[PDB]
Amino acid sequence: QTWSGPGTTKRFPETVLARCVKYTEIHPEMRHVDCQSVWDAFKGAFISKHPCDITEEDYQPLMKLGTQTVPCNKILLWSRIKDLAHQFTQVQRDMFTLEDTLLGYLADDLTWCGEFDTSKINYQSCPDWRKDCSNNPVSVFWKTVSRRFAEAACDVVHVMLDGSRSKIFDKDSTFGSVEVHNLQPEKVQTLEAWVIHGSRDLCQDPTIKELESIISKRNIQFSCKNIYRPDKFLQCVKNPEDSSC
């Protein structure tokens, strides 16, 4: 193929449009959104543009339309453990991840790119962030929304981390390279990490100490908890202290 990454997801346009409709139906705060407009702004960011030359400015019309307030003190970040984060917030909406927002919901699990000097979508391949370029439509989208999500957070912010990874905290992740550096010291009191086990006290892991030290220097308190049994954890969230939770 031209590029090394997978092509635009089959039915991408129909899918984004349908997700926008469904989202705006469910969430009253976004009932004002015109979904065709959202789609046109989304398209505008990457159609007829070189897919290794995308900027955050390309996504500004979309950011504008998807403008949204979520409770700033109930934010859940995560790294390498998306599924658990999603299952947790779905129980009773204790917290909100980026996918609980319109823009995050539209884009989750999709890939897309265009081509320079033709107005079509590329269903054959899209740039891989490593081999091709990092300035590609998908990578640039997530960097942009994740920066914005972190900037809006306040009070106690939580992050779920995968304890089974080689680096439980990875400075190379979007959490580690973007979100950590965009939490606002004026607003964020504490970052609390939940390290999910797959054992030891993983909160004393070296990369966790690194995370602690980094956020301390931004003037933010750090807290850490082991979640030894994600299965029991979810059961306790669903059945709160009904049992021995």
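The first residue of the shown sequence is 1; numbering continues from there. Think of the rigid core as the biggest set of C-alphas that the two forms share within 1.5 Å after superposition.
Here 141-149 and 86-94 are scored by the root mean square distance of their C-alpha atoms in 4 other deposited structures of this protein, with each structure fitted by the rigid core; the higher score goes to 86-94. Where coordinates are absent for parts of the deposited sequence, a chain break appears; between neighbours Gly198 and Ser199 it spans 4 to 9 residues. Higher mean CA temperature factor, per the PDB entry, when comparing 111-119 with 87-95: 111-119. The question of which stretch, 7-15 or 232-240, has the higher mean Cα B factor is settled in favour of 232-240. Across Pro185, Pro28, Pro51, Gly176, the greatest Cα temperature factor reported in the deposited entry is at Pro28. In this PDB entry, the Cα temperature factor of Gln60 sits in the top third of its chain's modelled residues, the highest group. Looking at the C-alpha B-factors along this chain, the one for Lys74 belongs to the lowest third.
For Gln68, the recorded CA temperature factor ranks within the middle third of the chain's modelled residues. Annotation for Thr207: CA B-factor lies in the middle third of the chain's modelled residues.
In the PDB entry, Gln189 places in the lowest third of its chain by CA B-factor.
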